[PDB]
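S.K.: Below you'll find the structure I mean.
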Amino acid sequence: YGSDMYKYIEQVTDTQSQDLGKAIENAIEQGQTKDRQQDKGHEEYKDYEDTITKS
Amino acid sequence: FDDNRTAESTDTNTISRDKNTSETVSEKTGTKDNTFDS
């Protein structure tokens with residue numbers, strides 16, 4: 001009797017669910033760098049200029 | 001070219017002339033080298 005009978009009359013499937021997730025990620029990064037530059041320079045030059053005048 | 005004329009009165013007229021001509025020529029050459037190493 002009652003209304004609930006209709007649920008059985010037409011096959012009714014009630015489905016539920018619940019997913020509860022948790023996630024913690026911890027990352028530690030360290031880095032070191034070492035550089036070294038060594039240069040050398042050398043330049044040499046020569047010039048000549050001759051001026052002759054008449055007046 | 002430059003000319004000047006001077007005269008005085010109270011007759012000692014003065015006239016002058018002069019020639020100025022001059023030329024200059026000059027040749028200059030150079031050379032520069034450099035090396036780098038890093």
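By order of appearance in the structure tokens: chains A, B, ..., then residues from 1 within every chain, and ligands from 1 in the order shown.
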Would you give me, as JSON lines, each residue of chain A having an atom within 8 Å of an atom of chain B, along with its shortest atom pair and that distance in Å to one decimal, using only C-alpha atoms and sorting by chain and residue number?
M.R.:
```
{"residue": "A:37", "atom": "CA", "partner": "B:38", "partner_atom": "CA", "distance": 7.1}
{"residue": "A:38", "atom": "CA", "partner": "B:38", "partner_atom": "CA", "distance": 5.6}
{"residue": "A:39", "atom": "CA", "partner": "B:38", "partner_atom": "CA", "distance": 4.2}
{"residue": "A:40", "atom": "CA", "partner": "B:37", "partner_atom": "CA", "distance": 5.1}
{"residue": "A:41", "atom": "CA", "partner": "B:36", "partner_atom": "CA", "distance": 4.9}
{"residue": "A:42", "atom": "CA", "partner": "B:34", "partner_atom": "CA", "distance": 5.2}
{"residue": "A:43", "atom": "CA", "partner": "B:34", "partner_atom": "CA", "distance": 3.8}
{"residue": "A:44", "atom": "CA", "partner": "B:33", "partner_atom": "CA", "distance": 5.3}
{"residue": "A:45", "atom": "CA", "partner": "B:32", "partner_atom": "CA", "distance": 4.0}
{"residue": "A:46", "atom": "CA", "partner": "B:31", "partner_atom": "CA", "distance": 5.1}
{"residue": "A:47", "atom": "CA", "partner": "B:30", "partner_atom": "CA", "distance": 4.0}
{"residue": "A:48", "atom": "CA", "partner": "B:28", "partner_atom": "CA", "distance": 5.2}
{"residue": "A:49", "atom": "CA", "partner": "B:28", "partner_atom": "CA", "distance": 3.5}
{"residue": "A:50", "atom": "CA", "partner": "B:26", "partner_atom": "CA", "distance": 5.1}
{"residue": "A:51", "atom": "CA", "partner": "B:26", "partner_atom": "CA", "distance": 3.8}
{"residue": "A:52", "atom": "CA", "partner": "B:25", "partner_atom": "CA", "distance": 5.4}
{"residue": "A:53", "atom": "CA", "partner": "B:24", "partner_atom": "CA", "distance": 4.0}
{"residue": "A:54", "atom": "CA", "partner": "B:23", "partner_atom": "CA", "distance": 5.1}
{"residue": "A:55", "atom": "CA", "partner": "B:22", "partner_atom": "CA", "distance": 3.5}
```
S.K.: Select from chain B everything DSSP, run on the backbone, classes as strand (DSSP E), then give the selection as a list in words.
M.R.: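 After running DSSP on the backbone, chain B has strand (DSSP E) at residues 2, 3, 4, 5, 6, 14, 15, 16, 17, 18, 23, 24, 25, 26, 27, 28, 29, 30, 31, 32, 33, 34, 35, 36 and 37 of chain B.
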S.K.: What would the file look like if the residues just selected were written as an mmCIF file, in the first residue's frame with N, CA and C atoms?
M.R.:
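Ended up saving to selection.cif:
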```
data_model
loop_
_atom_site.group_PDB
_atom_site.id
_atom_site.type_symbol
_atom_site.label_atom_id
_atom_site.label_comp_id
_atom_site.auth_asym_id
_atom_site.auth_seq_id
_atom_site.Cartn_x
_atom_site.Cartn_y
_atom_site.Cartn_z
ATOM 1 N N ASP B 2 95.243 91.718 -49.294
ATOM 2 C CA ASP B 2 94.836 92.801 -48.412
ATOM 3 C C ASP B 2 95.569 94.078 -48.785
ATOM 4 N N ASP B 3 94.809 95.166 -48.895
ATOM 5 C CA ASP B 3 95.330 96.475 -49.258
ATOM 6 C C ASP B 3 94.816 97.507 -48.269
ATOM 7 N N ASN B 4 95.660 98.481 -47.942
ATOM 8 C CA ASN B 4 95.264 99.568 -47.058
ATOM 9 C C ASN B 4 95.836 100.884 -47.567
ATOM 10 N N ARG B 5 95.038 101.942 -47.459
ATOM 11 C CA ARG B 5 95.413 103.272 -47.917
ATOM 12 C C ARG B 5 95.211 104.261 -46.780
ATOM 13 N N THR B 6 96.278 104.971 -46.414
ATOM 14 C CA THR B 6 96.240 105.928 -45.318
ATOM 15 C C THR B 6 96.745 107.281 -45.796
ATOM 16 N N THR B 14 100.313 107.477 -47.700
ATOM 17 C CA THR B 14 100.966 106.189 -47.524
ATOM 18 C C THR B 14 100.115 105.098 -48.156
ATOM 19 N N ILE B 15 100.746 104.277 -48.991
ATOM 20 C CA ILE B 15 100.093 103.158 -49.657
ATOM 21 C C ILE B 15 100.931 101.909 -49.419
ATOM 22 N N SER B 16 100.263 100.793 -49.139
ATOM 23 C CA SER B 16 100.943 99.545 -48.834
ATOM 24 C C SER B 16 100.280 98.384 -49.558
ATOM 25 N N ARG B 17 101.072 97.342 -49.797
ATOM 26 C CA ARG B 17 100.607 96.110 -50.413
ATOM 27 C C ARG B 17 101.411 94.954 -49.840
ATOM 28 N N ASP B 18 100.779 93.786 -49.748
ATOM 29 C CA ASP B 18 101.436 92.582 -49.259
ATOM 30 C C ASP B 18 100.731 91.356 -49.816
ATOM 31 N N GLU B 23 100.516 76.972 -48.871
ATOM 32 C CA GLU B 23 99.854 75.687 -49.023
ATOM 33 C C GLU B 23 100.502 74.676 -48.091
ATOM 34 N N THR B 24 99.695 73.752 -47.577
ATOM 35 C CA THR B 24 100.172 72.677 -46.719
ATOM 36 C C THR B 24 99.587 71.357 -47.192
ATOM 37 N N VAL B 25 100.431 70.331 -47.258
ATOM 38 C CA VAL B 25 100.006 68.975 -47.574
ATOM 39 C C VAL B 25 100.543 68.048 -46.495
ATOM 40 N N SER B 26 99.753 67.043 -46.128
ATOM 41 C CA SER B 26 100.150 66.102 -45.093
ATOM 42 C C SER B 26 99.518 64.748 -45.365
ATOM 43 N N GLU B 27 100.325 63.698 -45.250
ATOM 44 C CA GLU B 27 99.871 62.327 -45.416
ATOM 45 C C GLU B 27 100.146 61.565 -44.130
ATOM 46 N N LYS B 28 99.099 60.993 -43.546
ATOM 47 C CA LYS B 28 99.207 60.250 -42.300
ATOM 48 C C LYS B 28 98.665 58.845 -42.496
ATOM 49 N N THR B 29 99.443 57.853 -42.069
ATOM 50 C CA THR B 29 99.060 56.453 -42.151
ATOM 51 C C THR B 29 99.189 55.827 -40.772
ATOM 52 N N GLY B 30 98.369 54.813 -40.509
ATOM 53 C CA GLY B 30 98.369 54.168 -39.214
ATOM 54 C C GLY B 30 98.158 52.674 -39.352
ATOM 55 N N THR B 31 98.368 51.979 -38.238
ATOM 56 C CA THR B 31 98.215 50.534 -38.179
ATOM 57 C C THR B 31 98.001 50.124 -36.733
ATOM 58 N N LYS B 32 96.900 49.429 -36.470
ATOM 59 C CA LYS B 32 96.569 48.983 -35.126
ATOM 60 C C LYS B 32 96.223 47.503 -35.151
ATOM 61 N N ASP B 33 96.805 46.753 -34.219
ATOM 62 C CA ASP B 33 96.544 45.332 -34.068
ATOM 63 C C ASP B 33 96.146 45.046 -32.629
ATOM 64 N N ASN B 34 95.354 43.995 -32.440
ATOM 65 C CA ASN B 34 94.956 43.589 -31.100
ATOM 66 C C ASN B 34 94.552 42.125 -31.110
ATOM 67 N N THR B 35 94.905 41.420 -30.039
ATOM 68 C CA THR B 35 94.543 40.022 -29.854
ATOM 69 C C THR B 35 93.812 39.891 -28.530
ATOM 70 N N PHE B 36 92.813 39.016 -28.490
ATOM 71 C CA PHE B 36 92.004 38.804 -27.301
ATOM 72 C C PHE B 36 91.937 37.311 -27.030
ATOM 73 N N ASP B 37 91.930 36.937 -25.754
ATOM 74 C CA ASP B 37 91.900 35.534 -25.362
ATOM 75 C C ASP B 37 91.127 35.418 -24.061
#
```
S.K.: Apply DSSP to the backbone of this structure and, from chain A, keep only the residues in alpha helix (DSSP H); write these as a list in words.
M.R.: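 These are the residues in question: residues 5, 6, 7, 8 and 9 of chain A.
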S.K.: Just the number, please: distance in Å from CA of residue 3 in chain A to CA of residue 17 in chain A, one decimal.
M.R.: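 Distance between the two atoms: 25.8 Å.
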